[PDB]
């Protein structure tokens, strides 16, 4: 949604490894990256800030698959998955690579029980 890329980025994981040079952090184990409505899930996320320059951070997520979610302004979420998610913060895009897939969700329902017909239903009509 508008404003997502102005939001703080929160990255939670089971293990974290902070390189002594201060420009690379590696997250492993059920990593979840959130930024507004953006959500990336991955087994491993590497955050780099080249040369310590704020605003040029790069986020790479790796999974089998890694997943991506975001709500759009038009009210329909986008979902996708790939071996890798690549998000340079200074750009306006995420790049999915390796058996990549992306989709828009048009509608949903939820309940304790859902039934769904696996055969197509034919037109029901009759004359007198």
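Positions refer to the first chain, counted from 1.
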Please work out which of 89-97 and 64-72 has the higher mean CA B-factor as recorded in the PDB entry.
89-97
Could you check the entry and say whether 51-59 or 75-83 has the higher mean CA B-factor?
51-59
Record-listed C-alpha B factor of residue 4: chain third
lowest
Could you say whether, by C-alpha temperature factor, residue 104 belongs to the lowest, middle or highest third of its chain?
middle
Residue 114's Cα B-factor: lowest, middle or highest third of the chain?
highest
Which third, lowest, middle or highest, does the CA B-factor of residue 24 fall in along this chain?
middle
